[PDB]
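In structure tokens, the next block holds one chain alone, the form deposited in one PDB entry.
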């Protein structure tokens, strides 16, 4: 049994939709939208400047749910016959409002306040007398469904969930929290707190405690899913970065420049406390002496711990004048040893990123970069060159090395590197001789296998000298790429990972890799 007492307050249900009295035109005919119809028309209009509303599968899926809200009429209307202009213009006026700086802060101040109030009410459970934080106590509002980009249900409506739909898991004598709950169960074999059926996909959705395997697996997978969603829309995200460089707010112009460094150099923000990256270059760690503004390029030169030198440059040819200007604007009147990015932290950068694509962050962005590098490297390898499990591992690690370079995970060489390389060279030379004196077939095969590992290990040890591969393998490389690599070639991809990493990526066993395997197989 996992618990004897379980006490919580249930889940927070999403607030009702507030109608705005909007209308659309169908075949030139003005239709005043009812609440539900307007709610879906508004969700459609929010996506007006995205590719999704151009996708024919997306459109028909939306229309399947949208037209049902007009029972009796418009049963055969297609997407071109609907004029959403009135709803598009409302969304524009909404964006017009948020263009004011002090109007954004007051809205964020109250949404933080309402969130802090609801978190004290719903965010805590008592299990066997111990008070635990609840991870996902908020029921998501209805909206348009989106998957990784090619989901067969993309564009369908996610219908609203009510208290009557929800099952709570509680102790037998725990008080039943307020609400018209669908049912109360007492499932001592389960540590979920609430559950309901997704009204579109039929998948059961569970509320879990924080810091459990279930919530860690779900959030881990979510980061890589967001990174995969970026693959199709990286072009639009870049243009929005340049737009932030043209901002009239100085804080937003600086934040946009940091994001531009993420896109072009995979440079971290600089304020993550975690040790595996804390000593590598980052935006907030850049100082005037680390950057020299030239005419043809910007050149970066960072001296880190153990005197490891990191040097990269950005080509300024064909780049918008805003990148050079905001750099100049941040460089003007600053001496050596002075910080370039003074109003930068991850919260500011991620808020700016979230406005472009919801959920987008620096960590997701660099995950997309690292993962794409690994994919492209592996995709270029002819299958005939992958002649054994050992060679399969070799190429996977070389790809890991490429992502380490892209994400600037440079390091000082291991202390006895040259002498370690010395000893690997003598072992392979020793192993080659023992093979040419080995006579029977059992020993000729066993020594050939040990030899093959040795020469590839040797070449690897030389190439990985200056780079820490573990950081990107654990945090920034989608494990579905390696699983797909294993399916494509037929070799065991699980040997790429330590036991700890196999636990962290347990969710990849169940996950589809069709998206990547199709790329490998094209």
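Residue numbers count along the first chain shown, from 1. Only the largest set of C-alpha atoms that superpose within 1.5 Å between the two forms is called the rigid core.
The form deposited in another entry exists for this protein as well; it is not shown, and the discussion that follows is about that form.
In the core-aligned comparison between this form and the one not shown, the C-alpha of 316 is the only one from 316, 229, 146, 303 that shifts by 2 Å or more.
A movement of the C-alpha atom of residue 250 reaching 2 angstroms or beyond is seen between this form and the one not shown when the two forms are aligned on their rigid core.
The Cα position of residue 240 differs by 2 Å or more between this form and the one not shown after fitting on the rigid core. Residue displacement note: residue 404 has its CA displaced by under 2 Å between this form and the one not shown (rigid core superposed).
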